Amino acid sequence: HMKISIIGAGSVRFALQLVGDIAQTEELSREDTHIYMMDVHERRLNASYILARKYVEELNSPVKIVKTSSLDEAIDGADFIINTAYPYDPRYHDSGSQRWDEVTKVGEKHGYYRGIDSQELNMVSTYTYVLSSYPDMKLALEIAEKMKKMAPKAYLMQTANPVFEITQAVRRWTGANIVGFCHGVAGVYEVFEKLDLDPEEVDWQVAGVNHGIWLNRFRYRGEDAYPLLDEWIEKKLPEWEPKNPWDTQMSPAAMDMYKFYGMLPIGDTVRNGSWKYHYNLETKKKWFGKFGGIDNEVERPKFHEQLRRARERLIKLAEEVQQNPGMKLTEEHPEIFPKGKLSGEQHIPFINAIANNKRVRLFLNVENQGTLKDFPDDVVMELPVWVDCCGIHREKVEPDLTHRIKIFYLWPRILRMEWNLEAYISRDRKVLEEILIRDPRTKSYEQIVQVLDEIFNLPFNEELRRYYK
């Protein structure tokens, strides 16, 4: 049978996205497809299971769904292991977002706007946790080592952040068969929409590192199409306004990076600029418009509170479904339980490409292996690839990324990854200190010590404290 395991299946909406895509993929929607849903939170796990079962039943799909609280049971003999888990200390918290919000506030207390985990070229909220992302890294490495023993054919499809750091560390330190997943590339379709271009007529390519990807090829009707972006900047950018806090692809920040680097940053890359765009909320609003993006002291707490209410509502929905088994979720909440339209994410196409040779182009975090020849072979990049039964085949990246992207953006971001991995494996607080010694917001060494101390002393960081002690 085909065993697909979701680790952190209490991530309700994502679990439902995965299930619905599987149930709507002919080659996978079979009685021999077993979806294992695993999580450490009983209530969230049960809600995802109840909704996933009902959803499948309404889609007339014969896939079997299994819930389990045993990580080993989920890993054993799996063919694909999707890691979307976000660890937390259950004595203090109910989910992982809380530890990042609280550490961030301590960082701000000590003079680090948006927390010590916000750094140049890595502003994406919750991407790293206390620089080295100990609990997230630790879980990924634990899964990889169990996978090599109990499931040596499986793919570990890492979606929990930091995707770059984790995919790199697992590859390098375990050799387990990990691939990192992020669909930030989808930003390109808004570029095409704003320039009035049929995406099917655009010859495009993107490449870089996770949340550090660039539109390296953008061609239309046998010519460079970037001059069309030049026109849009001249004639449309003054009137641009974001539709919501996440809407940054065509923002002044993205175009300012385009003007300097020569290629347009794509997706979350636009959030990950230098400090020029992020010194404070006023600066963020100048460069991202009225919300100041999503990575600020107003919008991010607002969003994390929305997620909490959504978590509770879906759980309530699960209870409601038990009491009223006659209701059709596809009808009452079609947005959450759609039929006839795949989500568009890459996870289930990846599985269907590996297992059923349904060949597709995806953007995946895999070892460079010479694709960007100026970088080491073993560094994990986010690359355009074709996936089939024979594995993952990297496209040629042409044009190459510009010289400025290499020396000003990709290499600094790659070194930060190496810093963060060194901080994890050395168990050495001096390495965390050195990272903050390279941080523009540091004013003194005593400040670094004090901010780390207070973070380490937070009750829910007992394990972290002992690890670095």
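Rigid core (definition): largest C-alpha set, two forms, superposition within 1.5 Å. When you see a residue number, it is the position in the sequence shown, counting from 1.
Out of 363-371 and 90-98, which shows the greater rigid core-aligned C-alpha deviation in 6 other deposited structures of this protein?
-> Looking at 363-371 versus 90-98 in 6 other deposited structures of this protein, the farther one turns out to be 90-98.
Report the stretch with the higher mean CA temperature factor, choosing between 339-347 and 135-143 on the basis of the entry.
-> That would be 339-347.
Looking at the entry, does 307-315 or 266-274 show the higher mean C-alpha B-factor?
-> The recorded data point to 307-315.
Based on the PDB record, which member of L401, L421, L436, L59 exhibits the highest Cα temperature factor?
-> Within the set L401, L421, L436, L59, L59 shows the top C-alpha B-factor.
Highest Cα B-factor in the deposition, which of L432, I414, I405, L51?
-> If I rank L432, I414, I405, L51 by C-alpha B-factor, first place goes to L51.
Assigned third (lowest, middle, highest) for the C-alpha B factor of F260 | Tercile = lowest for this residue's CA B-factor.
Modelled-residue ranking by C-alpha temperature factor, third containing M38 | Within its chain, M38 is a middle-third residue by C-alpha B-factor, going by the deposited values.
Sorting the chain's modelled residues by C-alpha B-factor, tell me whether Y92 ends up in the lowest, middle or highest third.
-> It belongs to the highest third of the chain when residues are ordered by C-alpha B-factor.
By its CA B factor, does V12 count among the lowest, middle or highest third of the modelled residues in the chain?
-> Answer is middle: the recorded C-alpha B-factor places it there.
Taking the entry's C-alpha B-factors for this chain, is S125 in the lowest, middle or highest third?
-> As the PDB entry reports it, the C-alpha B-factor of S125 lands in the lowest third of its chain.
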